[PDB]
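K.L.:
3D, please:
(chains A, B, C, D, E, F, G and H, ligands or ions: 15)
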Amino acid sequence: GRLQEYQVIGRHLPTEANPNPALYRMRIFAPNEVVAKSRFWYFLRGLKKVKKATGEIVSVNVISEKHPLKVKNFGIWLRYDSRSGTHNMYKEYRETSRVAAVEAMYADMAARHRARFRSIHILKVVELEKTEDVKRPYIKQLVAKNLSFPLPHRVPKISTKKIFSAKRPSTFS
Amino acid sequence: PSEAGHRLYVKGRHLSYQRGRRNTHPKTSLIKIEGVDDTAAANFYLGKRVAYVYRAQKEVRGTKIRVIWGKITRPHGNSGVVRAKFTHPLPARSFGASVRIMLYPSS
Amino acid sequence: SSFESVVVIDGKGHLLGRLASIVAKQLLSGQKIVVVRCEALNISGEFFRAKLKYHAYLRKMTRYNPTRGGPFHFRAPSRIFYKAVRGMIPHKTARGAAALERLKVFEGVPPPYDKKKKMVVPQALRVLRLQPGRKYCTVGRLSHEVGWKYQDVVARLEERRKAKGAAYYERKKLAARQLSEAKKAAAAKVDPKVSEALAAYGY
Amino acid sequence: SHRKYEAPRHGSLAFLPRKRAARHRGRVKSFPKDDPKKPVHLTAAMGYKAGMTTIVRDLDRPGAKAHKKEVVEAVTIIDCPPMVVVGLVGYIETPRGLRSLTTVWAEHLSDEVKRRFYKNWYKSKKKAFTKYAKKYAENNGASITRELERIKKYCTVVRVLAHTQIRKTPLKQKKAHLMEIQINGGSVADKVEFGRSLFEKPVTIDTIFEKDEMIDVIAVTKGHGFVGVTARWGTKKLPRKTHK
Amino acid sequence: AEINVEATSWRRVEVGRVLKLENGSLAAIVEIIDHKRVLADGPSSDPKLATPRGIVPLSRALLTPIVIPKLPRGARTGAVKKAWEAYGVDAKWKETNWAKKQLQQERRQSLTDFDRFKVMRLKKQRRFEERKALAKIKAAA
Amino acid sequence: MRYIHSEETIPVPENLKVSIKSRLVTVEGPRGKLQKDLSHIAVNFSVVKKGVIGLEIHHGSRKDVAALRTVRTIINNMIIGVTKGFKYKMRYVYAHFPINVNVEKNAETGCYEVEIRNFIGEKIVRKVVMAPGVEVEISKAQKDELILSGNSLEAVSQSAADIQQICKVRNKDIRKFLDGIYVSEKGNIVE
RNA sequence: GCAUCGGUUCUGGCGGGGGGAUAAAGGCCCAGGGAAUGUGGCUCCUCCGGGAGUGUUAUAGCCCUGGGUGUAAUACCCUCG
RNA sequence: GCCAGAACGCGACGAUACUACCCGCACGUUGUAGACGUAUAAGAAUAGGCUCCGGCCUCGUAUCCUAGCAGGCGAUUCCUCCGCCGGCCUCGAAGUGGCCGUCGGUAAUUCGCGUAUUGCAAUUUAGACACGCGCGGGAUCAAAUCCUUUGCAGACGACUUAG
Ligand SMILES: [Mg+2]
Ligand SMILES: [Mg+2]
Ligand SMILES: [Mg+2]
Ligand SMILES: [Mg+2]
Ligand SMILES: [Mg+2]
Ligand SMILES: [Mg+2]
Ligand SMILES: [Mg+2]
Ligand SMILES: [Mg+2]
Ligand SMILES: [Mg+2]
Ligand SMILES: [Mg+2]
Ligand SMILES: [Mg+2]
Ligand SMILES: [Mg+2]
Ligand SMILES: [Mg+2]
Ligand SMILES: [Mg+2]
Ligand SMILES: [Mg+2]
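P.N.:
Numbers count the residues shown, from 1 in each chain, chains lettered A, B, ... in the order given. Ligands and ions are numbered 1, 2, ... in the order given. Coordinates below:
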């Protein structure tokens, strides 16, 4: 959907035997903080022996892109569920923000592998700092020196209500 | 001299009734306005008056042509079609006929 | 949109079903349609697929009597287009029959309908829809391998009407020479201030 | 369940509609393909059937069993008095088929052909082509020669109108028969000139056909009133002890 | 062995190429992301032509014949503005055929009814002298 | 995965002329003229240098890019054919029944036709007519040779394949009956 | 038919206030550090367009950290008319 | 090739008495799936085109026409545009257009008289296709069926013939 980054911090309920328990923090991509908390409890239930009934939320914040007007390459590590078994991948994307890469990855996996939102875990998102550390060839092609290309055979836009044009259109824009 | 025409109205067509997929309601009609594409442009003709004129057989009070009067109610869809309400529902045989849209309640 | 008395559509380069949907909507709205050069339409996909589709159509016939009730397989390109349009209209009612009465289809350009302006529907043109590299066929060719007999008659006749149109083009081109030279000579000589007065108004 | 023993069907579905012919005179449906390299010639004739008889001849077929030996064969004789040409017609090609646009007649018509246009000739006034005949000898037939020029200009195939002289046969009938015969020749101008030169003149069968030539015959078969399936199609008869 | 080939040639999309957005705005390309999206901006003194900095899809843009020479890739707004003013992009665009037709079009949607009557009478006044010259030339042939 | 730019080049010798219009190639040189129509492929032609022709595809798929080398080699073959021509050689192979051929001259038109008699001792007289522009000779250099020559590789090769395909043995073991006519050599007329 | 009102409802525009990293960016200015799809120079080859190498701002510019202009503007959410 | 021929698919020709037909205008009982500027003819390509050979092309958001009692009466002005007829050429896919001539009308500029009262809106009764009538001019003076007969036909109708 339309995502944005959050950070959420949780904690086990303090008790007389263990005052001042530990604090856990995660980064979650979610449309809103209502499902951000739900994903926090979902991921934490797989790492520690804490539930929502016996825990509490300390803080929830929103992380915004530092330089949303600069083009950069990203790399994503993830696991998912197939129709039989589980697998790990590593893909790359090229754009201006961290959030849109997660949006593109969700749509890409949903198209190429028929993987829904229910069965994808995000392991790590990293910004590729250099240019010689780009691996995949569909991103290698976009960083060649002096890139330029034409746009042949592009249909002009015509109002959908104006039927019965009076001359043959052209595709030489 | 002065061969020009005499027109002070906008021409429209009578499309159909208001309906679901299997039920129709003759209470309101749908009219396609000339030259209107979007619903923002269709806002100009809200509240105007429309007329439907047709030919009869007998002469009653010096004429053989009758008229049915109505007015535009609200826009319909995203393509500029509009809804209308008349004193009597249209004869349901005029699906494709033409009506006259005046400009009486101006501005 | 606009309301004309009748509109003539040139069929060359139009997808069959996409043109038929627009036509079927206009007929029910109240417009009058005339389709010309029905032998130059196009169908998406490779030709053999269309031939197999037609053979599957041809195998259907009433069992107990083939002279009544059975699907009659018309063999002309205009009749194929007519069948396509007829499938998108409630032709079993009086309203549908009246709508169908507003349609005319021909092969080539008959004499009533030449010397006229021929419109084009841009929502069905092939060059704006299909991928370059894909495959398509021609309805005229499809009718040839199903039993249409008058392919060569129209082909020869169209060369005649196109030769007449070449001379009409020559006359139109010459006429432009006098109108352009007259405008250039006249505009300079006379008008002192109507020129810039029109220019400020955009003319 | 399936049929026990297989057998071919009775009759043929090609000649399926088994109704009386629409018209008494036989109808020709197709003509030989035109070739503009032979001289102009007619391609049809019409006559009356007399009977059959027997001939004797010797055979020339190398490798056969009856080679160079006498054989007996049956033949049929057709009466063929000369026919008379009356006019000609021209056709044009349209995206809907062939169609005729003009026709021209001769100046004088016989009473045999004039009988064909009437159902009660005895009590009529016999005014068939009276007003048409005055088109000759009026401005030297400018109107008549105008359509002939039209045919020379617009037509692609030309046929000729001919009729029989039934009065030279022992038949009681007095009404003649009329038909068209297509002309196959070099060019349309040659066709029309040759056809026009034959007005109200007789043509003999020896100019059309010649010996040992392979021809076709068209006619209407002998009629029977109303018959059952056994004779109409040829099905097996049922056993002797069948009821009803 | 002279060889003559007459084949089409489009306009190249480089850095420094200025586009024309749908709502009459001009923007200069500074970075290419994909074959469908680019990064562009235009600093213009005229408020009608100015556009902010951001990404524009290539399906909503048109390629104008103007190209800014030697524009460094990924330059900031200050450097692009400096090259925009040094090259005089705004002055160059005014005399193109697209701008002139657009202006003659814009003047047409803003016409009072009285001005419509006035332009009708002026057109008839010019047409009267137009037909005299057409008849004179046609008669001479 | 769509490739942004794929390009190839063809050099042209200083002997012939080439002109292209609406993706229709015309090549004419010292030995004649050839025509080819390539309207079914989306390719962009250009003149790279004084004697180099360039052709390229933008935003093509793997399948679309595949045809680029085919187009390049077809036009190069046209250049070769118009400057050096082509020449094929074929041999007759029989065990017992000699096979006799008769390449009679032009039959009132440019096409040649070759008549084949006594194949595996058969009395059929079998006739094949070749496409125009192909010249057939019975070799005199040495015994039992047939020479095919011409300007276009497609026509020369197709006529040779017609000859190869017309001599077939039926209802027999073809590993034992090696009778037939086969092609044996391909090359150019010059050198 | 029009003007002035009452009830229900649809649909436009304008003036403000609050919150978050007291938005994030961004413009101008100050201080420090880097690199390449290496700017200007220099070397070589190619005259046939140009290509290859060296090397950190010069006759283009970019990236990272801190500070001022700042209680900057704008986006999003909420709210008074 | 061959068989049937839509009984609501089409073309050519012959003769047409009863004003049945044709021409001219005169109204209008009467009909219509629905006029209100019912205005616009190159062909061809879409990874290329048009041309006035100078140039032009995303766009019909175009071009033509468009004032006056539903459009009067005169004048100063101006040789444009529009219409009915007549004569020569042309047009055959379901036959159309051009040229010339007579006549009638005509703001491109600028003026003089008349408009009221339908009373503060009520379709602006206005177009072209058929069809029924009334006049006054031209031309024309026909067939089919029943009946008797025939047997190339036949349950009866129907069919091939003769009077
Ligand atoms: Mg039936
Ligand atoms: Mg059984
Ligand atoms: Mg009998
Ligand atoms: Mg038997
Ligand atoms: Mg019994
Ligand atoms: Mg064996
Ligand atoms: Mg209210
Ligand atoms: Mg605020
Ligand atoms: Mg350097
Ligand atoms: Mg602040
Ligand atoms: Mg602030
Ligand atoms: Mg019939
Ligand atoms: Mg009477
Ligand atoms: Mg009477
Ligand atoms: Mg006059």
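
K.L.:
can you give me the strands for chain F?
P.N.:
Counting by DSSP state E, one finds strands in chain F at the ranges F:3-11, F:17-21, F:24-29, F:32-37, F:44-49, F:52-60, F:86-93, F:100-104, F:113-117, F:125-129, F:134-138, F:145-150, F:180-187.

K.L.:
Out of these, which is closest to chain C?
P.N.:
Proximity to chain C (C-beta to the nearest C-beta) singles out strand F:52-60 among the strands of chain F, at 9.2 Å. To be clear about C-beta, it is placed using only N, CA and C from the backbone, and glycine gets the same treatment.

K.L.:
So which bits of that closest one are buried?
P.N.:
For strand F:52-60, burial by neighbour count (16 or more other C-beta atoms under 10 Å in any protein chain shown) applies to F:53, F:55, F:56, F:57, F:58, F:59, F:60.

K.L.:
returning to what we had before: can I get the strands of chain F in TSV including distance to residue D:195?
P.N.:
As requested, the strands of chain F are exported to TSV (distance: least, C-beta to C-beta, whole Å):
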stretch	distance to residue D:195
strand F:3-11	65
strand F:17-21	51
strand F:24-29	49
strand F:32-37	47
strand F:44-49	60
strand F:52-60	63
strand F:86-93	57
strand F:100-104	45
strand F:113-117	43
strand F:125-129	41
strand F:134-138	49
strand F:145-150	52
strand F:180-187	57
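
K.L.:
out of those, which comes closest to residue E:2?
P.N.:
strand F:17-21 (7.9 Å; C-beta to C-beta).

K.L.:
Contact partners for residue 83?
P.N.:
I'll assume chain A. Not one residue lies near residue A:83 by C-beta atoms under 8 Å, 6 or more residues apart in numbering or on different chains.

K.L.:
Switch to chain E, please.
P.N.:
Under the contact definition (C-beta under 8 Å, 6+ apart), the residues listed for residue E:83 are E:16, E:68, E:70, E:71, E:75.

K.L.:
now the second one: how far from residue E:86?
P.N.:
What it means is residue E:68. 9 Å (C-beta to C-beta, to the nearest Å).

K.L.:
now swap in the first one and tell me
P.N.:
Counting by C-beta to C-beta, the separation of residue E:16 from residue E:86 is 12 Å.

K.L.:
which of residue E:68 and residue E:86 has more neighbours?
P.N.:
residue E:68 (19 against 10; other C-beta atoms under 10 Å in any protein chain shown).

K.L.:
so what's that one closest to, chain neighbours aside?
P.N.:
Nearest residue to residue E:68, sequence neighbours excluded (C-beta to C-beta, 6 or more residues apart in numbering or on different chains): residue E:16, at 3.6 Å.

K.L.:
The closest residue to RNA strand H within chain C: how many residues sit nearby?
P.N.:
Chain C approaches RNA strand H most closely through residue C:108 (2.6 Å), counting by C-beta to the nearest atom of the strand. Neighbours of residue C:108 under the rule other C-beta under 10 Å: 20.

K.L.:
tell me the contacts of it?
P.N.:
C:36, C:37, C:39, C:154, C:157, C:158, C:161, D:95.

K.L.:
Next step: these restricted to strands.
P.N.:
residue C:36.

K.L.:
Report the buried members of the contacts of residue C:108.
P.N.:
The buried subset of the contacts of residue C:108 - by 16+ other C-beta under 10 Å - is C:36, C:37, C:39, C:154, C:157.

K.L.:
Mind picking the one among these that's closest to chain E?
P.N.:
residue C:37 (27.8 Å).

K.L.:
Can you tell me the closest non-neighbouring residue to the closest one?
P.N.:
residue C:11 (4.6 Å).

K.L.:
Next up, identify which helix or strand the closest residue to chain F within chain C is on.
P.N.:
Closest approach between chain C and chain F, counting by C-beta to the nearest C-beta: residue C:132, at 4.8 Å. Using DSSP states H and E, residue C:132 falls within no helix or strand.

K.L.:
ok, it to residue F:58 distance?
P.N.:
For residue C:132 relative to residue F:58 (C-beta to C-beta), the value is 12 Å.

K.L.:
Neighbours of the closest residue to RNA strand G within chain C, how many?
P.N.:
For chain C and RNA strand G, the shortest gap (C-beta to the nearest atom of the strand) falls at residue C:1, measuring 22.9 Å. Neighbourhood size, residue C:1 [other C-beta under 10 Å]: 18.

K.L.:
hang on, isn't it packed against residue A:163?
P.N.:
Yes: here residue C:1 reaches residue A:163: they are 7.2 Å apart, a contact under C-beta atoms under 8 Å.

K.L.:
before we move on, back to that, please render the strands of chain F as CSV that adds distance to RNA strand G to the earlier fields.
P.N.:
What follows is these, written out as CSV (distance: least, C-beta to the nearest atom of the strand, whole Å):
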stretch, distance to RNA strand G
strand F:3-11, 11
strand F:17-21, 20
strand F:24-29, 24
strand F:32-37, 29
strand F:44-49, 6
strand F:52-60, 9
strand F:86-93, 31
strand F:100-104, 48
strand F:113-117, 49
strand F:125-129, 49
strand F:134-138, 39
strand F:145-150, 35
strand F:180-187, 31
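
K.L.:
Which among these is found nearest to residue D:30?
P.N.:
It is, among the strands of chain F and with distance given as C-beta to C-beta, strand F:125-129, at 32.3 Å.

K.L.:
Which other helices and strands does the closest one contact?
P.N.:
strand F:113-117, helix F:153-166 (3 or more C-beta pairs under 8 Å, 6 or more residues apart in numbering or on different chains; DSSP states H and E).

K.L.:
Just want the angle from that strand to strand F:113-117.
P.N.:
Strand F:125-129 and strand F:113-117 meet at an angle of 160 degrees, taking axes from the mean of the first three to the mean of the last three C-alpha atoms, to 10 degrees as the criterion.

K.L.:
what lines up beside strand F:125-129 in the sheet?
P.N.:
Paired strands of strand F:125-129, with direction, are strand F:113-117 (antiparallel) (DSSP bridges).

K.L.:
Residue D:132 sits in which helix or strand?
P.N.:
Per DSSP H and E: helix D:130-133 holds residue D:132.

K.L.:
same question, residue C:52
P.N.:
Counting by DSSP H and E, residue C:52 is found in helix C:47-58.

K.L.:
Need the contact partners of that helix.
P.N.:
Residues contacting helix C:47-58 (C-beta under 8 Å, 6+ apart): C:43, C:71, C:73, C:135, C:137, C:141, C:142, C:145, C:146.

K.L.:
Please apply the same query to stretch C:161-168.
P.N.:
Contacts of stretch C:161-168 (C-beta under 8 Å, 6+ apart): C:108, C:109, C:114.

K.L.:
Wait, residue A:172 touches residue E:8, no?
P.N.:
Yes: Residue A:172 is within contact range of residue E:8, at 7.0 Å (criterion: C-beta under 8 Å).
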